[PDB]
Every structure is written in C-alpha cells, then in structure tokens.
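Colleague: One structure follows; several queries about it will come next.
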Amino acid sequence: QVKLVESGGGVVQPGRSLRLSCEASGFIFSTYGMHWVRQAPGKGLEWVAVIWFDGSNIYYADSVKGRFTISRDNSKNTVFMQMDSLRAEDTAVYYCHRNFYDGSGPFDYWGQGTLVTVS
Amino acid sequence: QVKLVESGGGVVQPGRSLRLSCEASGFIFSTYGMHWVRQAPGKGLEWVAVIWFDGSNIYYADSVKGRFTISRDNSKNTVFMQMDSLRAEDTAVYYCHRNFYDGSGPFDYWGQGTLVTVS
Amino acid sequence: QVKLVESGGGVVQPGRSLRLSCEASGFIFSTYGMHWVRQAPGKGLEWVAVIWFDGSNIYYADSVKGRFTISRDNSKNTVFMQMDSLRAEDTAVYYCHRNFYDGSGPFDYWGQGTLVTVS
Amino acid sequence: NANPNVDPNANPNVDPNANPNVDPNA
Amino acid sequence: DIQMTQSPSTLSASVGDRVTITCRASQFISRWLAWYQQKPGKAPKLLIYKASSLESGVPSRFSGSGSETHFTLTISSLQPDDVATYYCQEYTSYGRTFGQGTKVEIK
Amino acid sequence: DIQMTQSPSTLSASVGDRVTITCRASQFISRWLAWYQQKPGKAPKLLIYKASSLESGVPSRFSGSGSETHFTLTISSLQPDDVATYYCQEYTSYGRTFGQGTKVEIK
Amino acid sequence: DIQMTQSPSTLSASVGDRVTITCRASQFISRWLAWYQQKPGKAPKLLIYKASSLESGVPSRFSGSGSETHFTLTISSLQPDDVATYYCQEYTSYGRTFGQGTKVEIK
C-alpha cells in the first residue's frame, strides 16, 4: 500500500536550518517525481519544489529560490528537503505529494504533512 | 415536456429545394448533437445527417451527402437542414431525433416528422 | 451468444504432440487477441500463450517456450496451438479466452476447456 | 500533447477512446 | 460503413409465443446497439439502449443480449400490442445506422 | 511565472443548489487543470483529473469544463459534505502551480 | 517478468462475514488488475474489471480496491454461493499473469 510519510519538523529559530524528509513506502521511487507543497495556516496551497527521479529535473517556486535545496537518499528511498536560513514567512505545514497520471487513471498520494514553525 | 417539432416540408418539384427546421423545446441544444432520420413510406428508417453541438462533427449518409446541408441556429435553439436538388428517392417523412446517454438514463427524444414529397 | 470451443485434446504419449484448436463463434476475431490458459488438475490458472489479431503480437509463457507454437487460420475464424515435445507436467485443461475492454464494459469470453493428458 | 507527468503508452487490451453519444464519466 | 443486417425480416407468431430478431453488424460495435419499436403512424420508440440494458417503461417481455457483431432482440409472451417493425441501431460514432426493419405479426 | 486565479473566492449556496467556480490562467493550461478539494486540516484530494474528466471515486455530482486559459468546476446538488476549499492546479511541466482557493459554504 | 502473489491462500468464514483477498505485484501495473471467480470444474467468471471497478451483473458484495502494486478484493456479507477459487490477473501488456489463487470456504 502506497504512503508518503513526512517527518523532521519542529521549531526553528529565525536564521536556522531544518532538514525535512518523506519516507516512501509501498513503491519504489523509480518513476516520476516527488513534490513538496507548503501551506501556511489560513493560506492556500503553495507548491514549493520538485525532485524528479534521478535528479534530472529540479524546480523550485520563486519564493524559496536560493534558500531551499532538495535531494534524495537513493538507498533509503527517502526524499529530503534542506531548508537554510529560515524566515518567519516560512511557517507552514509541509506536505509530501506524488502525483502522476498513467493510462488507467490518476495517482496523487498525499501525506499528512510536517509542521514547521519559524518563530 | 421535452419536444422536437419539425417543419418546412411540403411538395417540391424535382430539382427544387426545401428547408426543414426543428424547434427545440423543453431543452437547450447545448451538449451532444441532433439528427435527422428519414423514412420513405413503406420502408425502414434511414439516418440522414448529424450535427454536433457547436456546428461540428458533421456527417451525412452517402445517400444524402452533397444534397443535404445541416446547420444550427444558435439564437433560436433550432436546427435547420437544407435539402437541395430533391429527387423522387427523397420522398419521406423526416423526423427530428435527439439521442444521447448518460447518468440516470437514456434520452431518445423523437418529434413527429415533416413530410417531404417530390412530385 | 459468443462461444469459444476447444477441441483436439486427448491422451498423448510424452515426447509427441497435439494440435489444439478454438473455434470462434458469435463474433469475428476482428480485433482483440486470443489466449490459451492452462490449468493443471488441482492447480490454479497459468497463462500459456496469446495470439494477436493478424498474427503479430505473439507471446508465450516461459514454461512452454521452444515447445509451443500458436497460429491463426484466417479463413475459418479459428486459432490453433501446436504443442510439441509434450511432457507429464503439461497435463492440463486448456481453455480458450479473449479479453479486451472497451467503454461499454469488459468482454471476458471463456470456453469450456479441453483436457490434455500427457502420461 | 507532451506532458512529463503523463505516460503516453496505451494498454493493448483496452481501447483508448470513447463513444461521443455517451458521457465518458458514466 | 457499418452495415447492419436483420436476418429474419418477417416474423409471425401467436399471442403468448416467443419470437426473436437477430441483428448482425458487419463490423465490431462493442455493444453500442439500441433497439427500436415502430408502431404504424408513430416515431420509433426506444426499447433497449445498450445490448440488453432497457429503456424505462419497457415491458418485461422485451429483452436482448449480444456482443461485438452478433445481437438479438427477444420478445417473450408476444402481445398484439407488439405488432411493430423493429430496428437495430448502431451508435458507436457520430451518426447512426439502422437495420432494414423486421416486422413481427400475430397468428 | 504563471498566475492562477479563482475569481469567486467565496461562494455559498443552500443544500441542493448549484455552485459555479471559475478559474483562469495567465498562460495556457491546455486542459491540464486538476481540481482539488481540501477539507481544512487534511491534505487535499483530487476531484478532477483534467478539464472535463472526473476521477473515479469522486461523486458524479462533480463536473467541469474548459480549455486554453479558462476553466470551470461545477458542483451539482451541493451537500454539507462539500464544504471545502477548492483549488486549481496547473500541471504542464515539472512542478505544479496552485490557485488561491475558493471557499464554498452552505446557506 | 511479473510475479503476482495472493497472500491468503486459504480463507474461511461464516455466512455474512467479511473476507478480503490481497494481491501483490512485483512491478508497477497501474491498476490493471482483474479478479476472477472459478468454481470447481468451470471456466472462471470475471468479477472485477479493473481495480475499483465491478463488472455488470456481478453482485455488489464484490468490491475491488488498491493501486500500483497492492490490490485487494473484498467480499462483503459472504454467501455460500461465493465458494470459489479467486484469482488476481495482471493485464498490462500482451498476455496475462495469474496469481496462485485463494480458496474461500464457508464455516
């Protein structure tokens, strides 16, 4: 059964780093790609970044460029997000999402999200 | 109370034209398509032409194609069929038919038919 | 109204061969391919071979490779399977089956099954 | 036509089409 | 060019008898076949819309089944009220094709 | 840099009514518009696969249309169970773009 | 090479009980998994069209679910008529892969 399990949140004082992760389960991340979607409480969803399988396609939202970096642990089937120099505006729930479409129907897969507070 | 009402028939001299029409009532032609079905007296049904919503996907039976033109009046919710160069083989009752399937059930919608006689 | 009827089974000495056939009825084998499915007594189903319409995409289970050949008689609407070098482990009921899905639902079409004994 | 999130490979056993007279979503 | 042919173009049976009409497509139509009943003086009535799925209001007498190219309309317990010409209709695309029309009378 | 906009930021209708949610883009989506339903406190669920394509398991009451840069989500027979924020997602490349979200309440 | 495995090789339950059968693919098969019911001595009946979609004519007791590699068949309110060997079938390409099959017995 496919699940995306986020972990690694907490309270980060301003200017400090945080390293989040999403453990894949039920599938091997060997196909499409993984997305981080952020939601500040009271706000809508913001896509933040994608790491395509094998790192051939790395993209970020303008709001985090040069501050966030994403990567994959290719042995543990786990996706990581390195968040440096965090600011108050980055408070949000960070969700792990794995959406693709393939013939038979859509696939989405959302996790529960990791809460990151930056105050 | 959904009806299709045909008109514009009558007796036409061979080589002359008639312009048939079918009024939509109780529904809006906003979705699928509209058909004309011909039945020469004593014979079975013959499909004549289809117009698809927005005036596309236009198809005709080989027996009528090039003599018949089908078009939609987008203001009057009415379908028109221009029948040119009529010949004796075109004598028939021309029925207006709106058929599609979805959701809760089939929709057949037949009118009564306008008689076209070539004399 | 669709039948697939297997024949050509019986008892064959190990090392020899049988030619099984499946007569199609109720449908021209116009498009989707036809499969032989094997069931050794007391065991579950094993797919054995597929012949695709027009004799193109032909595949076999590894367990029968180099021994079975599948072909279609394109005049009689029937599929033949030549089973060479039969062994005791090939005792099975050989069923004819055509599976293809298309919009309106599935079309399973299973036959009755012919028993092949190879002792 | 191309989209990186979509695999353009039909299943040989399923007709990748629809009947225009019938709503594809039942 | 999906030609539709109804083989038993003329049928007749006594009331309560069972009759069938066979419609054969020259091409595969994937169950997209409707059947219609045309009473004299009236536009055709839909009876079966999808290879045995019935139109609401249709008597239990009517049924049918079929697949791919070979389809049948059946009438159990045939009544005088069923003297109509029956038509099979292919509806796989834009436009429709009707069979020749099969008439069922009463003995 | 593609902006996604949902103009009717808040809608409300009684149970059984019809809710119309429009969605526009500054650049072509070309039918690659997914619609998501987010119940507050939960991750969003996908409703609409692409313009006019409903995902299996999503009630038939949901439907929609559009192309190019103009799309609509329709909620028929609105239920209390539909109070969610609905979002537009553009998936035309390696990454997603989301709209603001429209809140649909009950009268 | 796809090795489909059905875990509960033998199931046993009283009438009205709920039982499930799981099936695991060794490769991604994108929901293209069918389920069949084979009674002794007969060709198998197709029950589930695609994971999550039930074949017409099959009792509502049968409900499929799952995706990519992990699939389930649920039989609600198990009846005596459900004693059969159930098989999962991979259909992503030419040919089919059948699972070992599971047998459902009644207490």
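For the structure tokens, the naming scheme is as follows: chains receive sequential letters (A, B, ...) according to their order of presentation, residues are indexed from 1 within each chain, and ligands are indexed from 1 in presentation order.
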Taking only C-alpha atoms into account, which residues of chain D are within 10 Å of chain B, as a short mmCIF file (atom, residue, chain, number, x, y, z; two decimals) with N, CA, C and O atoms, in the first residue's frame?

Modeller:
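See result25.cif below for the written result:
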data_model
loop_
_atom_site.label_atom_id
_atom_site.label_comp_id
_atom_site.auth_asym_id
_atom_site.auth_seq_id
_atom_site.Cartn_x
_atom_site.Cartn_y
_atom_site.Cartn_z
N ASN D 19 -17.14 6.72 -26.83
CA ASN D 19 -18.31 6.88 -27.67
C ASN D 19 -18.89 8.27 -27.47
O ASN D 19 -19.36 8.54 -26.38
N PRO D 20 -18.94 9.16 -28.47
CA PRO D 20 -19.38 10.54 -28.35
C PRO D 20 -20.83 10.69 -27.96
O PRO D 20 -21.27 11.77 -27.58
N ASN D 21 -21.60 9.61 -28.05
CA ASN D 21 -23.00 9.67 -27.73
C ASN D 21 -23.23 9.34 -26.28
O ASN D 21 -24.38 9.34 -25.81
N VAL D 22 -22.16 9.02 -25.56
CA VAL D 22 -22.27 8.60 -24.18
C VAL D 22 -21.32 9.41 -23.29
O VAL D 22 -20.13 9.48 -23.57
N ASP D 23 -21.80 9.96 -22.19
CA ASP D 23 -20.89 10.71 -21.31
C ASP D 23 -19.78 9.78 -20.80
O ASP D 23 -20.11 8.81 -20.11
N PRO D 24 -18.49 10.00 -21.12
CA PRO D 24 -17.38 9.17 -20.70
C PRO D 24 -17.41 8.92 -19.19
O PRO D 24 -17.13 7.80 -18.73
N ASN D 25 -17.82 9.91 -18.40
CA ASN D 25 -17.90 9.68 -16.96
C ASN D 25 -19.27 9.14 -16.58
O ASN D 25 -20.01 9.79 -15.84
N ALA D 26 -19.60 7.93 -17.09
CA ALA D 26 -20.90 7.27 -16.96
C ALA D 26 -21.99 8.25 -17.42
O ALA D 26 -23.18 7.92 -17.48
#

Colleague: Considering only C-alpha atoms, return as a ChimeraX atom specification whatever protein or nucleic-acid residues lie within 7 Å of range 91-96 of chain A, sequence-local ones (same chain, fewer than 3 positions apart) excluded.

Modeller: /A:4,6,22,35-41,88,110-118

Colleague: What does the file look like for those residues with N, CA, C and O atoms, as a short mmCIF file (atom, residue, chain, number, x, y, z; two decimals), in the first residue's frame?

Modeller:
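Output contents, as saved in result_39.cif:
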data_model
loop_
_atom_site.label_atom_id
_atom_site.label_comp_id
_atom_site.auth_asym_id
_atom_site.auth_seq_id
_atom_site.Cartn_x
_atom_site.Cartn_y
_atom_site.Cartn_z
N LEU A 4 3.12 8.18 1.81
CA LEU A 4 4.20 9.14 1.89
C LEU A 4 4.25 9.62 3.32
O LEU A 4 3.27 10.19 3.80
N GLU A 6 5.84 12.01 6.10
CA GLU A 6 6.70 13.12 6.41
C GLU A 6 7.17 13.09 7.86
O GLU A 6 6.44 12.66 8.75
N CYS A 22 10.64 12.76 3.68
CA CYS A 22 9.47 12.00 3.30
C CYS A 22 9.87 10.57 2.93
O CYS A 22 10.53 10.32 1.92
N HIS A 35 6.96 15.87 -4.88
CA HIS A 35 6.75 17.29 -4.66
C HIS A 35 6.54 17.69 -3.22
O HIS A 35 5.85 17.02 -2.45
N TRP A 36 7.10 18.84 -2.88
CA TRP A 36 6.81 19.47 -1.61
C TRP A 36 5.83 20.58 -1.82
O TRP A 36 6.07 21.48 -2.63
N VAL A 37 4.74 20.53 -1.06
CA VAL A 37 3.68 21.52 -1.10
C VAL A 37 3.53 22.13 0.27
O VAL A 37 3.39 21.45 1.27
N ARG A 38 3.58 23.43 0.33
CA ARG A 38 3.52 24.13 1.58
C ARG A 38 2.21 24.82 1.85
O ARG A 38 1.60 25.38 0.95
N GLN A 39 1.76 24.82 3.09
CA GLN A 39 0.59 25.62 3.40
C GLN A 39 0.65 26.37 4.70
O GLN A 39 0.61 25.77 5.77
N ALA A 40 0.76 27.70 4.63
CA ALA A 40 0.79 28.45 5.87
C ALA A 40 -0.61 28.34 6.43
O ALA A 40 -1.54 28.39 5.64
N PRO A 41 -0.85 28.25 7.74
CA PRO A 41 -2.18 28.20 8.29
C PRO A 41 -2.96 29.41 7.83
O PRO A 41 -2.45 30.53 7.88
N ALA A 88 10.44 33.99 9.12
CA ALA A 88 9.10 33.85 9.70
C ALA A 88 8.02 33.46 8.68
O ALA A 88 7.08 32.71 9.00
N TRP A 110 -1.08 11.91 -1.03
CA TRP A 110 -0.67 12.98 -0.14
C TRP A 110 -0.38 12.39 1.21
O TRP A 110 -1.09 11.49 1.66
N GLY A 111 0.61 12.94 1.89
CA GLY A 111 0.92 12.53 3.25
C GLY A 111 0.11 13.38 4.23
O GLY A 111 -0.95 13.90 3.88
N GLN A 112 0.55 13.47 5.49
CA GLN A 112 -0.24 14.23 6.47
C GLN A 112 0.36 15.60 6.68
O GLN A 112 -0.34 16.54 7.06
N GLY A 113 1.64 15.70 6.41
CA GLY A 113 2.38 16.94 6.50
C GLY A 113 3.13 17.14 7.79
O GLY A 113 2.70 16.74 8.87
N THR A 114 4.25 17.83 7.67
CA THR A 114 5.11 18.16 8.78
C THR A 114 5.04 19.62 9.13
O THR A 114 5.29 20.48 8.29
N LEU A 115 4.75 19.91 10.38
CA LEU A 115 4.64 21.31 10.75
C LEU A 115 5.95 21.93 11.12
O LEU A 115 6.66 21.48 12.03
N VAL A 116 6.25 22.99 10.40
CA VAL A 116 7.45 23.74 10.60
C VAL A 116 7.11 25.13 11.04
O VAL A 116 6.44 25.89 10.33
N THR A 117 7.60 25.50 12.20
CA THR A 117 7.37 26.82 12.73
C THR A 117 8.70 27.52 12.76
O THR A 117 9.70 26.92 13.14
N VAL A 118 8.73 28.74 12.30
CA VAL A 118 9.96 29.51 12.21
C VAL A 118 10.04 30.82 13.03
O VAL A 118 10.70 31.77 12.61
#

Colleague: Could you give me, as a list in words, the residues within 12 Å of residue 76 in chain C, counting only C-alpha atoms and dropping anything in the same chain fewer than 4 positions from it?

Modeller: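 Those residues are residues 21, 22, 23, 24, 25, 28, 29, 72 and 80 of chain C.
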
Colleague: Create the file for the chosen residues now, containing N, CA, C and O atoms and written as a PDB file, in the first residue's frame.

Modeller:
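To be explicit, this is the file written out as selection_18.pdb:
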ATOM      1  N   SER C  21      -7.359 -26.640 -31.021  1.00  0.00           N
ATOM      2  CA  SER C  21      -7.933 -25.524 -31.727  1.00  0.00           C
ATOM      3  C   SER C  21      -9.093 -24.958 -30.946  1.00  0.00           C
ATOM      4  O   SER C  21      -9.657 -25.646 -30.088  1.00  0.00           O
ATOM      5  N   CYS C  22      -9.433 -23.681 -31.231  1.00  0.00           N
ATOM      6  CA  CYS C  22     -10.548 -22.939 -30.658  1.00  0.00           C
ATOM      7  C   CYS C  22     -11.394 -22.308 -31.753  1.00  0.00           C
ATOM      8  O   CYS C  22     -10.962 -21.392 -32.464  1.00  0.00           O
ATOM      9  N   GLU C  23     -12.609 -22.788 -31.904  1.00  0.00           N
ATOM     10  CA  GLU C  23     -13.481 -22.251 -32.925  1.00  0.00           C
ATOM     11  C   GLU C  23     -14.166 -21.019 -32.394  1.00  0.00           C
ATOM     12  O   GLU C  23     -14.755 -21.064 -31.310  1.00  0.00           O
ATOM     13  N   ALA C  24     -14.097 -19.911 -33.127  1.00  0.00           N
ATOM     14  CA  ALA C  24     -14.784 -18.723 -32.677  1.00  0.00           C
ATOM     15  C   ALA C  24     -16.183 -18.678 -33.243  1.00  0.00           C
ATOM     16  O   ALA C  24     -16.391 -18.950 -34.425  1.00  0.00           O
ATOM     17  N   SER C  25     -17.139 -18.265 -32.435  1.00  0.00           N
ATOM     18  CA  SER C  25     -18.492 -18.083 -32.926  1.00  0.00           C
ATOM     19  C   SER C  25     -19.203 -16.980 -32.162  1.00  0.00           C
ATOM     20  O   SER C  25     -18.977 -16.786 -30.970  1.00  0.00           O
ATOM     21  N   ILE C  28     -16.631 -12.132 -35.063  1.00  0.00           N
ATOM     22  CA  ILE C  28     -15.448 -12.358 -35.925  1.00  0.00           C
ATOM     23  C   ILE C  28     -14.271 -12.058 -35.008  1.00  0.00           C
ATOM     24  O   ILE C  28     -14.388 -11.115 -34.222  1.00  0.00           O
ATOM     25  N   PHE C  29     -13.154 -12.760 -35.148  1.00  0.00           N
ATOM     26  CA  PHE C  29     -11.991 -12.369 -34.332  1.00  0.00           C
ATOM     27  C   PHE C  29     -11.459 -11.186 -35.115  1.00  0.00           C
ATOM     28  O   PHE C  29     -10.434 -11.321 -35.785  1.00  0.00           O
ATOM     29  N   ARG C  72      -3.067 -18.540 -36.371  1.00  0.00           N
ATOM     30  CA  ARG C  72      -4.476 -18.421 -36.723  1.00  0.00           C
ATOM     31  C   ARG C  72      -4.801 -18.786 -38.148  1.00  0.00           C
ATOM     32  O   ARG C  72      -4.090 -18.432 -39.090  1.00  0.00           O
ATOM     33  N   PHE C  80      -5.268 -22.053 -33.622  1.00  0.00           N
ATOM     34  CA  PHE C  80      -4.611 -23.317 -33.376  1.00  0.00           C
ATOM     35  C   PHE C  80      -3.381 -23.175 -32.514  1.00  0.00           C
ATOM     36  O   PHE C  80      -2.654 -22.182 -32.593  1.00  0.00           O
TER      37      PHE C  80
END

Colleague: Hey, what does DSSP flag as strand (DSSP E) within range 25-115 of chain A? Can you give it to me as a PyMOL selection string?

Modeller: chain A and resi 25+33-39+46-52+58-60+68-73+78-83+92-97+100-101+106-107+114-115

Colleague: Residues at most 6 Å from residue 50 in chain C, counting only C-alpha atoms, excluding those fewer than 2 positions away in the same chain, as a PyMOL selection string?

Modeller: (chain C and resi 34-35+58-59) or (chain G and resi 95)
